[PDB]
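Along the sequence shown, the residues carry numbers beginning at 1. Just the heavy atoms: all of them, side chains too, but no hydrogens, waters or symmetry mates, feed the values below.
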Amino acid sequence: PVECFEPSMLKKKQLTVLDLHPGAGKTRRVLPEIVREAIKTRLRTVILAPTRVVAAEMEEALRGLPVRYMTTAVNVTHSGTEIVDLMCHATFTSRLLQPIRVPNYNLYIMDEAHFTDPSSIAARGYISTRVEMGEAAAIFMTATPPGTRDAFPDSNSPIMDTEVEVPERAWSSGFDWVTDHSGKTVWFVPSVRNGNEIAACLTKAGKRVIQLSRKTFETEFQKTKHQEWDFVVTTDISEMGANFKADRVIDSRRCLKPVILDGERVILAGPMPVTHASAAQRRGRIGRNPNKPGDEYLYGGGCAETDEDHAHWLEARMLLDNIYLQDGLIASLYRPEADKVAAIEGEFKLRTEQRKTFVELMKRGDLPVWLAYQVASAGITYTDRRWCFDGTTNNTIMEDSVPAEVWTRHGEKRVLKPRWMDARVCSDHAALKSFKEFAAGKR
């Protein structure tokens with residue numbers, strides 16, 4: 001595997017995967033070395049961060065170098081002469097779908113290039129296709145390169161890996177090893193609700209617990225830096241952009257993931273096995289300090305053998321089939337990922353007007369890719385929300401165990417019952433609030 005950057009990697013037609021184990025200095029050391037060389041050789045460059053949190057960490061590593069930050073996660077003074085841009089994976093792919101002039105970047109740098117968000121998968125397909133066509137160079141950085149299946153990468157200090165029965169519910173006995181520990185534990189859970197139950201159990205046992213989710217990360221993660229705690233109970237939000245001074249990770253190795261059932265609806269299936277890349281990220285929270293040997297990773301089962309049931313792979317093809325490349329050429333998925341989907345290239349290419357609807361439903365509408373595709377390919381216009389109310393009864397959306405209701409643009413209170421059901425529009429309070437506002441015609 002390639003673990004060291006060399007300037008020769010910046011030549012066109014080169015796609016290099018830098019296999020950088022957790023704690024090896026991917027962002028603090030390697031990324032600045034790449035960016036410095038790119039600037040010196042006058043290469044127009046885009047740096048692709050998986051999240052806003054990671055984008056902000058990159059600015060710290062790149063501080064003082066001329067980078068244009070195309071994210072509101074960073075506020076610095078641009079000189080206007082920067083040739084290096086920085087944006088999130090989703091921003092990049094979203095811009096590819098717009099009628100804009102996507103610059104001809106000579107170099108693409110993708111951090112956390114294992115990320116399986118549809119926009120990340122699609123970005124890797126676009127980038128790798130451009131490299132194969134001879135138009136650019138790319139560097140993909142990750143602890144787990146796409147196509148590899150090692151959940152136990154290297155670390156700065158040896159990690160003790162033990163498979164155990166991991167509790168996934170509150171317990172009154174049977175798991176003394178959880179609470180007998182005198183150190184600090186990061187515990188990964190599949191959902192906020194599940195974490196609430198485990199955190200409540202630990203708190204009743206006298207432990208100090210901080211809970212992390214996407215909603216609460218900004219305020220609560222700071223508390224892990226400045227307050228005493230025994231346990232961090234966190235969703236997958238902490239697989240990237242989050243480090244802890246801990247000596248143990250507990251990982252049930254399960255997650256929820258969207259799955260398309262019978263091509264007809266999307267459910268949040270699981271909890272079911274996490275991917276090797278995710279398990280490696282979770283484990284990678286510990287074993288980071290050479291002077292603190294003895295860290296422990298306690299895990300509850302195996303990783304996903306196939307992630308092909310994950311809806312994100314098909315969604316990535318829906319995005320890529322609708323990104324213009326050259327004379328109606330369609331990019332392929334990155335080769336080590338290409339067999340995760342069984343659709344023919346072009347199956348999801350929409351004609352001009354339906355494609356514009358698709359794009360607007362994802363951007364302004366903030367709908368999942370799969371759902372936006374169903375609506376746009378049905379010939380529905382962006383502002384016509386009648387489909388949110390005319391599904392079959394089994395598509396009724398519930399709020400607190402009663403049918404959810406919305407005041408529509410036409411002044412009628414109607415039960416939310418979309419023609420196509422995607423569990424991601426109502427999987428938590430924030431999602432449901434957002435979909436209600438969409439159904440009411442408020443955006």
Side-chain angles (χ1 to χ4, degrees), residues 1-2 4-11 14-20 26-27 30-36 38-39 41-50 54-55 58 62 65-71 81-99 103 105-115 117-142 145-147 316-317 319-323 325 327-338 345:
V2 195
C4 298
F5 166 77
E6 307 285 345
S8 63
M9 296 167 177
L10 300 191
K11 250 51 64 177
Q14 299 282 302
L15 188 156
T16 303
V17 178
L18 296 181
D19 189 334
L20 288 170
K26 174 168 55 60
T27 304
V30 181
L31 178 66
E33 175 182 3
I34 302 171
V35 176
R36 286 186 204 103
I39 293 173
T41 61
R42 305 315 291 173
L43 283 183
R44 200 167 293 276
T45 297
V46 63
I47 307 169
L48 297 172
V54 171
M58 294 180 162
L62 301 173
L65 292 173
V67 178
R68 177 198 171 185
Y69 294 88
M70 303 175 60
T71 170
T81 73
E82 295 89 349
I83 62 170
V84 181
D85 296 338
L86 190 151
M87 63 185 78
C88 292
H89 296 185
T91 304
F92 177 75
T93 299
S94 287
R95 288 165 63 82
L96 291 179
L97 291 155
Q98 290 289 332
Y105 293 112
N106 308 127
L107 175 64
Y108 302 83
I109 308 172
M110 181 184 272
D111 183 48
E112 310 297 2
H114 66 276
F115 193 24
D117 194 83
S119 290
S120 304
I121 300 163
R124 290 195 291 279
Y126 177 90
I127 290 163
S128 63
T129 291
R130 286 244 307 159
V131 173
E132 289 174 357
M133 286 168 173
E135 304 290 357
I139 299 172
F140 290 174
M141 307 187 297
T142 172
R317 274 254 56 98
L319 297 176
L320 265 193
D321 282 358
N322 287 284
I323 290 173
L325 185 60
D327 309 326
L329 294 200
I330 294 172
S332 319
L333 293 185
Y334 175 44
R335 192 61 186 86
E337 316 182 284
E345 269 105 323

Is any side-chain heavy atom of [X] closer than 4.5 Å to a side-chain heavy atom of [Y]?
X    : Y    : result
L62  : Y69  : yes
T129 : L320 : no
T27  : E112 : no
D111 : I47  : no
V84  : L65  : no

Approximate separation, where rounding is to 0.5 Å, of [X] [atom1] and [Y] [atom2]:
X    : Y    : atom1 : atom2 : answer
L319 : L96  : CG    : CG    : 10.0 Å
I34  : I139 : CD1   : CD1   : 4.0 Å
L10  : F5   : CG    : CZ    : 4.0 Å
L18  : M9   : CG    : CE    : 5.5 Å
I109 : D85  : CD1   : CG    : 11.0 Å
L48  : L86  : CG    : CG    : 8.0 Å

Can a donor-acceptor pair be found, under 3.5 Å and without considering hydrogens, that links the side chain of [X] to the backbone of [Y]?
X    : Y    : answer
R130 : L325 : no
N106 : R44  : yes
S119 : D117 : no

Exercise for the section: Classify the ring geometry between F92 and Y105 as parallel (under 30°), tilted (30 to 60°) or perpendicular (over 60°). Expected result: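 Ring orientation, 0 to 90° scale: tilted.
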Which pair of heavy atoms, one from [X] and one from [Y], lies closest together, and at what distance?
X    : Y    : result
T71  : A55  : CG2-CB, 4.2 Å
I83  : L43  : CD1-O, 3.6 Å
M110 : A123 : CE-CB, 3.7 Å
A122 : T93  : CB-CG2, 4.2 Å
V131 : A137 : CG2-C, 3.9 Å
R124 : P146 : NE-CG, 4.1 Å

Exercise for the section: Could you list the residues that satisfy side-chain contact (heavy atoms from CB on, under 4.5 Å) with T91, not counting sequence neighbours? Expected result: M87, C88, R95
Handout entry: Listed partners of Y334 passing ring pair (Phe, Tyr, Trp, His ring centres under 6.0 Å), at least two apart
Key =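 By the ring pair (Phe, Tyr, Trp, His ring centres under 6.0 Å) rule, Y334 matches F140.
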Exercise for the section: Dump the intermediate steps for side chain to side chain contact (heavy atoms under 4.5 Å, CB included) on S332 and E345, then the final yes or no. Expected result: CA-CA 7 Å; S332 319; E345 269 105 323; 3.2 Å; yes
Completion exercise
Sorted by chain and residue number, the side-chain hydrogen bond (donor to acceptor under 3.5 Å, both in side chains) partners of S120 (sequence neighbours excluded) come out as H89
